[PDB]
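Inspection log for the structure reproduced underneath, given as structure tokens.
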Amino acid sequence: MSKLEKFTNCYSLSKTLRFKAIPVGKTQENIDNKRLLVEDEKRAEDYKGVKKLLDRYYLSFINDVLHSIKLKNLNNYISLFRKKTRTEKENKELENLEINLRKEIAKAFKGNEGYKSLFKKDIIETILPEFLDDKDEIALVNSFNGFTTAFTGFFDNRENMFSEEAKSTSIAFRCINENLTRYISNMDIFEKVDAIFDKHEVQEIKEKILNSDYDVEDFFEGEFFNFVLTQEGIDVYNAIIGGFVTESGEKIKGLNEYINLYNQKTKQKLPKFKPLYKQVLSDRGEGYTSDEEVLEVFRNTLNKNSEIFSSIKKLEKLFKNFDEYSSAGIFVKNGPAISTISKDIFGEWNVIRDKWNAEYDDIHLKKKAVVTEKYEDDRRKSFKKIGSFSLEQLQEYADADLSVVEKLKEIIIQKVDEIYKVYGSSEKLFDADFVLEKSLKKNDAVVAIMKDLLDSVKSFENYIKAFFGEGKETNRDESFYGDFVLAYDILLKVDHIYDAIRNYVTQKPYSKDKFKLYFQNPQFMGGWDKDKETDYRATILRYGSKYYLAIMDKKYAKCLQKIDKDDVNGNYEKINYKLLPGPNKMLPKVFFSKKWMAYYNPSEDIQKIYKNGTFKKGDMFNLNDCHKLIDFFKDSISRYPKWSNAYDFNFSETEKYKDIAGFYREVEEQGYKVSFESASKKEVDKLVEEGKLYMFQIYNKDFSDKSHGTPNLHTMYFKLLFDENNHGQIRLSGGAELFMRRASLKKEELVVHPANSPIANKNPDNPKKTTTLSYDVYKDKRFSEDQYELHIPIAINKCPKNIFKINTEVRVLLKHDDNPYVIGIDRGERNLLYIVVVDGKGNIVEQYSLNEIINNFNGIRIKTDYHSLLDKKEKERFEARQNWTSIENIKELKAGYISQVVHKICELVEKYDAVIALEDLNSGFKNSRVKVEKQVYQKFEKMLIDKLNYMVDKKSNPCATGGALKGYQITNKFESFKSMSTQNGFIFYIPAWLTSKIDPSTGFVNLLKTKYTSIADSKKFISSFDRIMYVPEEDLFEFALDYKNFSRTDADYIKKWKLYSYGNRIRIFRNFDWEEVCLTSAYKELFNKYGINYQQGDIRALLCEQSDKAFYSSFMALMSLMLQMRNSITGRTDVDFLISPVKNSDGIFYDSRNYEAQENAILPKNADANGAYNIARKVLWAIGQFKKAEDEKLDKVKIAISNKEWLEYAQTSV
RNA sequence: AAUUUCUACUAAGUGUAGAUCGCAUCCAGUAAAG
DNA sequence: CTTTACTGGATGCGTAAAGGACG
DNA sequence: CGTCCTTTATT
Ligand SMILES: [Li+]
Ligand SMILES: [Li+]
Ligand SMILES: [Li+]
């Protein structure tokens, strides 16, 4: 009955649930006594190292094989590639060449002798030890000799490097899809602009960059591509384009450089080259690890014995004898830094430039010109071209008798005598005696003095940097610059320390670093099947509502095997979990084993058809031998006791299957069982005592005895895993992991609210302004203690029954929906998200801003304005970088805000059976508050698509539609690509064009171009109007237009409009940068100012009788204000009104503000609401198309509203 | 101002409401400084 | 442009049972 | 020769 009700059980998805895991009894003691966690903590860091060691071999294998390759009909792919016109024939003759090109690369890899042990224990046990030379590196590898299985994850990531398929991860994809097309695009460019490159240049590149082994033109010939397959070749090639530095410090100009300098000297339109991409797994000052590392490298780079301090005392001596060197020989560079050097020497920021302005005049000024606006624009040009200022050119700017060269020594010594003072306050840090009282990140007092020192020293050197002076100058006093540049180049070492100490000290004080636990099992907790309980040494227990993970110690693997009691009262329950995982692989695996293929002796008919693949779809498909293979499979399952008993199969008659999938889908659906058997609590509790078993309660706060009220969605999912009413909607999956997360704080540094003192409540609509508890409350308590983490993957809808193309199903239901609602969601600079809900006729049902999230529970309505919060935390991030206090996390404030939004949209969807209309989003961002909102919207999209993959209402009875077992699926599986289209399920992506600047009452939009241009053009504008008159009864000027008389107005449906001088508009400063215009009185001012009797009927003739351009310019400016329907001021959040120059059916102008005031407004309340509304309306229009197509044609309907269709729809539907 | 984790919270007190796909790998960008 | 963290999309696994060495 | 680590199957 609702459209939603169709979208349950449509496709499967996976999720991971996270839990704390609490040791029970003495298992944390036993774990500590057997020092298991130290062992797992080390294994993790060893693991990191061996992977890098393996990668070293992986890289070498890739490399030599890539050098080995010569690509066959590479050159012929290139010939067909560059063809401008290519047939539908040869468009796909080419695309098969792409496939075979890639196939060649992968076959080169998989053809190598070694490939076979690249991802098996032999690479650890055999290949790598022979490959490495370091005895330590080899020892590190050998320490995994019993443990190679743990690398099974890593090895899959590496097998993907060697695939043929069009995957981001594939080497072949990088080579052919990405790198080769760039090379041929480069080939295109290089043959056009080859003329530009002088004979000198090509050979300079050939000499220094290429070693003279290859000519520069070789790298743009087709048959050289093979050279650039390896990274060694990519590095030469991108050096040719970008240039590079040889080790003499000579910068070598690359061809892009010569292209860019040609583009300026010629002022031409050249395309430069794009650089090629990195090759998979080649490896192209790093951040501090420890806390006392920082104290040491602080002390050791900045103490009084440091190199950095020595130059400080050396720079002091040079400036103390500043009088002695030549004032013609020292220079002050001319930069944006120049006005602060001016205000230090003379007192005013503009003195230096103004005095230079004076003497430029002395030579270049004659009184005839007086001055001109570009002769002063040509004096501004030469000042930015002055590279430097001599210490004499500054003294000649000085009036008597201020000595600029002694004043500059006062300024510098004032800067070093303050550095020594910061060395007084910082001395006890420098002693070895000093011991760190607190965590460094928490401990702001010492951090402030490190920053106090680093800041004053950085403040010093960047001041004196101006004394290099771009030099570059013919007669420097190298007496001075000699010592200066040695000191300056040493003093500059501080900036790396500066950034590195800052980045460490302003991290989050708590950390989420964890390391994986194995319990001496390389395949620990791999799966849950009962058959493998001992193999994985992990299983799940439960006591009433409380669930436990129980782990067998490696010495007592069978310790849960033989336990029973008849009463579950005071006894645990063992999970009895059986899985047949992926029949398509496990049925051939078992029945064609060497262990069993004798026992079930398959027909020589059966082997022929399995090997030849006659049961699969394709040309060699034969249904009757596919029946026979299914028949074989059913009868051997019947004699494979391990399956036949666990699942009591009830297959279809084999003659009702159309394909092999039909039977597999039946096996997989039935091949899963979960139950509980009783297990004595006494004997289990003792295993835990003795250290034969380790028990952790699976826990989150919903499991606490103090919990009332709604559980986490994820708590529902976990519990439902074992509920009898869950008939496979959610399966419990394998591949769980258990981690250990060491504490990163201690309670003693934690912020606390102590017991019995009253705490303030933060919501002001709550009349209980205080809460007072009987215990301490601590910020971030969860990080003040070690914590075990359990990750449990689940499988939602593992056997979907409702298979259909979701997009086409949404079209059919929409077609036959008498009143389909639409949710239009819009972003504006003023409003984070704006929302309008329309019914199936475009009636506004709801419209409001989501800048504030409203929530009501227990009658307490709280509003949380995330717009304010998002900006406040934004500014907390600029304050922390300068004050060196911990990052304010704004990544997550967005996620927190989006979480609220997503719940609200899903409640609107359920309430209205509505589809969503989303704004297509622009590439650029303009302002720094406007980016954070573009990302907020872009993150809103990702999460909203996700929730709509399996959309659950926690309130519902869990097996109702919309319940946790029957979640809705109204968006398609993938988040982004490539199945992307204009539509994703219920979501339709809508372009924004004329959704904002459009009168919603009339559909009127502005298609006139009113920029002044010329007097000559301005007369046909005024003369294309049907009439321009004055209506005294309304104090308005009417401009009656037929858009057919103007250019590029096809889009508009209603050709004829009458425009009026109604109300007011807001003008922008061209150089309070806004003034408010009153339209009708400005028209009278203009016509009165120039003598144009405006009360005389049609006045188009008289306006063109004027020939003062001052008139026409001002007339065209007023015309632009009348048609500017959206008026507002940026920054001020007050006005966003939308006013129209066109009258409606009942003869009244549209004013957004007439509706902003109301609470049940039938028209938009401002330009943002107008956008959302019209975003929804374009989807309504789409739905109309759906209603005009027959069902069989629905999936071909164009939902892309044309601008000409939109205007017609908007101009007709009201 | 507590959390598997995140956001906003604290109505009678160790919690409330909503959100929450992990782990590994590869790769692009984009900001800053010399 | 080099050094480095932030965040972004893309690829794989989410397994029991055959297979084999090994003390 | 039972135990524990590796390798296998692919709608
Ligand atoms: Li809750
Ligand atoms: Li607080
Ligand atoms: Li409560």
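Distance between the 7 Å Cα→Cβ label points at A:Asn350 and A:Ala106: 7.0 nm.
Calculated FRET efficiency, A:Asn889 to A:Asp705, Cβ-Cβ distance, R0 = 30 Å: about 0.40 to the nearest 0.05.
Under a model in which nothing but the beta-carbon of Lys, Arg (+1) and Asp, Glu (-1) is charged, the stretch A:78-154 shows a dipole of about 780 debye around its Cα centre. Residues A:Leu13, A:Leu74, arranged from fewest to most other Cβ atoms within 10 angstrom of their Cβ, appear as A:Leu13, A:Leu74. Among A:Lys558/A:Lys781; A:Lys89/A:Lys801; A:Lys926/A:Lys1009, which pairs are too far apart, with a Cα-Cα distance over 29 Å? Result: A:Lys558/A:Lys781; A:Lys89/A:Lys801 exceed 29 Å. Only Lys, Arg, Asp and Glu carry charge here, each on its Cβ (+1 for the first two, -1 for the last two); on that basis chain A has a dipole of about 3080 debye about its Cα centre.
In this structure, A:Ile196 and A:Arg82 have a Cβ-Cβ separation that, at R0 = 22 Å, corresponds to a calculated FRET efficiency of about 0.55. Divide the volume of the convex hull around the Cα atoms of the stretch A:180-266 by the residue count and you get 99 Å³ per residue. The stretch A:479-522 and the stretch A:1039-1081 have Cα centres separated by 59 Å. Taking a ≥ b ≥ c as the square roots of the Cα gyration tensor eigenvalues, the stretch A:258-334 comes out oblate, since a/c reaches at least 1.5 and a/b does not exceed b/c. Between A:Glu690 and A:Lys512, residue separation times 0.36 nm minus the direct Cα-Cα distance comes to 60.9 nm. Comparing A:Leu229, A:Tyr262, A:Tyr214 along the charge dipole axis of the stretch A:180-266, the residue lying farthest to the positive side is A:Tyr262, per the Cβ-charge model.
Relative intensity of chain A on a log10 scale, I(q)/I(0) at q = 0.06, 0.08 Å⁻¹, equals -0.83, -1.47, per a Debye sum over C-alpha point scatterers of equal strength in the absence of solvent. Candidates A:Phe244, A:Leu560, A:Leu54 compared by Cα position along the dipole of chain A: farthest toward the positive end lies A:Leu560, with charges placed on Cβ. Averaging Cα coordinates gives a centre for the stretch A:593-637 and one for the stretch A:774-827; these two points are 41 Å apart. If you plug the beta carbon distance of A:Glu737 and A:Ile1015 into 1/(1 + (r/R0)^6) with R0 = 51 Å, you get a FRET efficiency near 0.10. Straight-line reach from A:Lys3: taking Cα to Cα under 13 Å and skipping same-chain neighbours fewer than 8 places apart, the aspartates and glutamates in range are A:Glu809, A:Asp817, A:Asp818, A:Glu910, A:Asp913. Would the stretch A:688-769 count as rounded, prolate or oblate if I go by the C-alpha gyration tensor, calling it rounded below 1.5 in a/c and otherwise prolate when a/b exceeds b/c, oblate otherwise? In terms of gyration-tensor shape, oblate. Kindly identify the stretch A:1010-1118 as rounded, prolate or oblate by the Cα gyration tensor criterion: order the square roots of the eigenvalues as a ≥ b ≥ c, call it rounded if a/c is under 1.5, otherwise compare a/b with b/c, prolate if a/b is larger, else oblate. Rounded shape, in that the Cα axes give a/c under 1.5. Counting only the Cα atoms, the stretch A:35-147 fills a convex hull of 150 Å³ per residue. Our note on the geometry: Cα centres of the stretch A:915-984 and the stretch A:255-315, 40 Å apart. Checking every one of the GluC sites (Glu not before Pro) in the stretch A:1162-1214 against DSSP loop status and a limit of 13 other Cβ atoms within 10 Å picks out A:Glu1190.
Quick one: net charge of A:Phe383's neighbours, Cβ under 14 Å, K/R +1, D/E -1? Net charge in that neighbourhood comes out at +2.
Candidates A:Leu1086, A:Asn1045, A:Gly1063 compared by Cα position along the dipole of the stretch A:1021-1097: farthest toward the positive end lies A:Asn1045, with charges placed on Cβ. For the stretch A:504-633, the fraction of C-alpha pairs farther apart than 18 angstrom is 71 percent. Among the trypsin sites (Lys or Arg not before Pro) found in the stretch A:19-63, those both in a DSSP coil and sparsely packed, with 10 or fewer other Cβ atoms within 10 Å of their Cβ, are A:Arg35. Counting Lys and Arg as +1 and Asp and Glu as -1 over every other residue whose Cβ lies under 12 Å from the Cβ of A:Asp631, the net charge comes to -3. Taking other C-beta atoms within 10 angstrom as a stand-in for reagent exposure, A:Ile490, A:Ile352 fall in the order A:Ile490, A:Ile352, fewest first. For the stretch A:874-941, the Kirkwood hydrodynamic radius from C-alpha pairs, put into Stokes-Einstein at 4 °C and a viscosity of 1.567 mPa s, yields a diffusion coefficient of 91 µm² per second. Under the simplified labelling scheme, the A:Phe651-A:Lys1204 pair shows an inter-label distance of 6.1 nm, with each label point 7 Å from Cα along Cα→Cβ.
Throughout, read-outs are computed from the coordinates displayed, never taken from laboratory work. Positions of Cβ are backbone-derived with ideal geometry, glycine not excepted, and every protein chain shown enters the neighbour counts.
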